[PDB]
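First comes the structure, then the notes that go with it.
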Ligand code: NA
């Protein structure tokens, strides 16, 4: 504390703290009214001493301190976010008091004064509590702060420490059992499903087995993310001693004060005076503390030496006693505990391991009640009523096992069984339902959403823990419903398909060049495989082996059965939940990605993905199995304009940077864009590139139509109707871009090996290249293709700091055609100089590779002569002239393959037919085909009707999921 008023203009943000570790400690204090004020050193919050206040009923002491209390506006201006001046302190009762403390604020207050405003603190409790109120908002209708003991209590005794005037976040003074504020987080009210399971030996055993299975996971290796594991006992003893915790003879502890990472905000640490900051730095951060608690519990469970095991128990129990005495108990807000999980997640888990110890020490009820109370922050999930928001992917990551741990700690058997039964139902619903609109959760095409779109960086950690939850509960009366198992399998098989083993650049969300990897989800495949109704699920088992690099020989001891590791999946898979598709051939995967009204192009934050504008610009990133960095996808020097496959305007980075300083998730201008599939082997992307009417830095007249047809070892790319405001100046389509290294050092051009750096040349129709990753590019329609091996300067995506690197790249320059520019080229995924010569020759023979049957604003039609498949991107409903397709009445992607005796036709719209609020509903598409056909089976849901000379097909497109039918000719 200082001589200046609280909230003083030299530093309004500098807190005034009465911590008594300075001279004239009680100078500003006058006991007066029937009170005696002493300092004690057996107990304290900040420093080593606290104020001991002995009193008789209705008596008072006074803090003499001028306050120039700022308005919420003044406070908020001073800090930079919505704020309020707050008065706070800590108090300790050694026994409960049947009355209220009255704290009053006024001018020259003595006991006879009435004067102004104040508040009430209920004293019916024991141990430390914190009190914190907004001076502007929390008082019942200044240089005097008067603390008045209860009028209706004969006598008593209170300890008080760390009296503080500070500027605080206006959201975070919470009500509790001692003080009422304007803010309240309501307590959990558990849902309960009927009928109830009975307490029986079987049901009780199953509960205890679930607890044991959880213990197993947390002690038996498997590295948890965001757990600072420490197994060396000596280190644990060392950190524990440094806590300086001692039991006090008559109840309570003394030791270092515990504070959460969010609680510290009330002090305004960075603005504390030096005397205060030094005393504040001897606080212990709760997160580190509960991590220590967990690490000790794990060590205790594993400890072979009975003496060492008993030491570990004692350390844990004492940590527990200190924690509760510090005021982390039921009904104690501690002013706030928001983001509670970051400070306590491993406390919940530690109680599983220490369940028996807590019981014998008679601490289980107190710990349960405390954890339950602080969990009220998570009431929307912890209540366990299934709602539109229950499929929250972050919950599965950060809270789901903690929620289960809490339930298992409930003391009553019948209630514990009710809770875990309800939890089983909650998880089954969460993993089964299709959330409406853009709400989190799994989707019917296998995508999995957070931040309102498919997002691997969030889904991957959720798949790991949701699979683990199902495995924890397996083969008991609490097992997750098969519907939830099925939906999660669809999503995890899908993730296997769209990762290699990292997801592509187009799926990297706001972390380009730091994609999530299926390697982090590996154990989830084992857990889900082993929790099948008929375990093991061979598919998921085979995937686990592949991802974890385990052999068939190793499979028997893991799964109880010999299983061949999955080979890399082959063919084409449409995922319109992200307006993408994946083509796979041999060890390569191609991520084809568009965007539209329902799929944001990119997620860009204040400090993430700043240059991500073209992340979804009809990209087609090719990735061979293995590290993408090893393949030359290097952030340093990367030209963010030149994302592989995209048509873009090449811009200076200052212009390419998102025009919003904080968040932009730019959605497209129509519902239609994405992909479709045929026979699980062939695919087509259709991408209608349209920009907003008036978004700064976005050219409103930038347009393109871009389609890709993928089959076997090749892809055919075509583009039409390319335009901009400036006659296609700087308009480019990128064939490829990758870093140059000793292993990636060659480019083939037209049978010639190029290694020089720098190197430039220009190519045209009939020319070919092979990049260092073995992809062949044959230029089939373009006037001007630039090829460059050059030093490039760029900036990294978080803080825009300069980077550099050497790159090989090639792009089509569309500026040769001022209006409705166009391109065609073809990629071969297994290219060699030899095979490319063969392809170029085939091209020169009246184009034996493919034929473009239509290339306009309404339809793109590509016949692939290598695979004998035709793809039809109806950007608009149209009647057409064609051998197979006559008319389609909605924007759609249609595909055909005439095999020996059949015609297979697939259709979809990649338009999900939804909004951010509304559930997707099915789109009915009528596809008229030429000629008379009948159905070459009966297992297929597409409807058909001969009508005159032609056949009417009726497709139902739900969530952009393709359907197909095998047809045979009618005589
Ligand atoms: Na103190």
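Please note: Cβ atoms are built from the backbone with ideal geometry, for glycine as well, and neighbour counts cover all protein chains shown. Basis: the model, the stated rules and, where named, an outside source; these are not laboratory values.
Okay, residues lined up against (1) on the phi > 0 side of the Ramachandran plot; (2) not in a strand (DSSP E or B):
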{"residue": "831", "(1), (2)": "no, yes"}
{"residue": "836", "(1), (2)": "no, yes"}
{"residue": "840", "(1), (2)": "no, yes"}
{"residue": "846", "(1), (2)": "yes, yes"}
{"residue": "852", "(1), (2)": "no, no"}
{"residue": "861", "(1), (2)": "no, no"}
{"residue": "871", "(1), (2)": "no, no"}
Discussion item. Considering only segment 123-131, I want to know if a residue exists there that is closer than 23 Å to residue 7 by Cα, surrounded by fewer than 22 Cβ atoms within 10 Å (Cβ to Cβ) and more than 16 Å from the ligand (Cβ to nearest atom).
Written reply: no
Fill in: Failed item, numbered, when residue 425 is tested on (1) surrounded by fewer than 21 Cβ atoms within 10 Å (Cβ to Cβ); (2) in a helix (DSSP H, G or I); (3) in contact with a helix residue (DSSP H, G or I) (Cβ under 8 Å, 6 or more places away or on another chain)
(3)
Worksheet item: Scanning for something surrounded by fewer than 20 Cβ atoms within 10 Å (Cβ to Cβ) and either more than 26 Å from residue 850 (Cα to Cα) or in contact with a helix residue (DSSP H, G or I) (Cβ under 7 Å, 6 or more places away or on another chain) (or both), does segment 861-882 turn up at least one residue?
Response: no
Worksheet item: Does residue 83 satisfy the criteria of being more than 13 Å from the ligand (Cβ to nearest atom), closer than 21 Å to residue 119 by Cα and touching a helix residue (DSSP H, G or I) at 6+ places or on another chain (Cβ under 6 Å)?
Response: yes
Worksheet item: If you take the residues in segment 13-53 that are more than 22 Å from residue 94 (Cβ to Cβ) and surrounded by 20 or more Cβ atoms within 10 Å (Cβ to Cβ), which one is farthest from the ligand (Cβ to nearest atom)?
Response: 14
Discussion item. Any residue in segment 4-22 that is closer than 13 Å to residue 78 by Cβ sitting within a Cβ distance under 8 Å of a residue that is within 16 Å of the ligand (Cβ to nearest atom) and part of a loop (DSSP other than H, G, I, E, B)? List the pairs, counting only those 6 or more apart or interchain.
Written reply: 14/272; 14/273; 15/272
Item to complete: Could you please let me know if residue 120 is within 16 Å of residue 33 (Cβ to Cβ) and either in contact with a strand residue (DSSP E or B) (Cβ under 8 Å, 6 or more places away or on another chain) or crowded, with 16+ Cβ neighbours inside 10 Å (or both)?
Response: no
Discussion item. Based on this model, can you work out whether residue 63 counts as in contact with a strand residue (DSSP E or B) (Cβ under 9 Å, 6 or more places away or on another chain) and within 13 Å of the ligand (Cβ to nearest atom)?
Written reply: no
Worksheet item: Residue check: is residue 362 out of contact with any helix residue (DSSP H, G or I) (no Cβ under 9 Å at 6 or more places or on another chain) and in a loop (DSSP other than H, G, I, E, B)?
Response: yes
Fill in: Subset of segment 935-971 [touching a strand residue (DSSP E or B) at 6+ places or on another chain (Cβ under 7 Å), crowded, with 18+ Cβ neighbours inside 10 Å and within 30 Å of residue 453 (Cβ to Cβ)]
942, 955, 957, 960, 961, 962, 963, 964
Worksheet item: Regarding residue 376, is this residue surrounded by fewer than 22 Cβ atoms within 10 Å (Cβ to Cβ), touching a helix residue (DSSP H, G or I) at 6+ places or on another chain (Cβ under 8 Å) and more than 27 Å from residue 254 (Cβ to Cβ)?
Response: yes
Discussion item. Considering only segment 669-677, I want to know if a residue exists there that is farther than 13 Å from residue 612 by Cα, out of contact with any helix residue (DSSP H, G or I) (no Cβ under 6 Å at 6 or more places or on another chain) and surrounded by fewer than 17 Cβ atoms within 10 Å (Cβ to Cβ).
Written reply: yes
Worksheet entry | Members of segment 70-92 found to be within 16 Å of residue 139 (Cα to Cα) and in a loop (DSSP other than H, G, I, E, B), listed by number | 70, 71
Practice prompt. Among the candidates 622, 649, single out the residue that is surrounded by 20 or more Cβ atoms within 10 Å (Cβ to Cβ) and under 27 Å from the mean Cα position of the chain (by Cα).
Written response: 622
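Going by the structure shown, is residue 338 under 30 Å from residue 170 (Cα atoms), out of contact with any strand residue (DSSP E or B) (no Cβ under 6 Å at 6 or more places or on another chain) and in the same structural domain as residue 255 (by CATH)?
yes
Pick from segment 687-739 the residues that are touching a helix residue (DSSP H, G or I) at 6+ places or on another chain (Cβ under 8 Å) and in a strand (DSSP E or B): which of them is surrounded by the most Cβ atoms within 10 Å (Cβ to Cβ)?
Applying the first criterion (touching a helix residue (DSSP H, G or I) at 6+ places or on another chain (Cβ under 8 Å)) to segment 687-739 yields 697, 722, 727-733, 738.
From what's left, in a strand (DSSP E or B): 722, 731-733, 738.
Values: 722: 24, 731: 25, 732: 19, 733: 27, 738: 22.
Out of the qualifying residues, it is 733.
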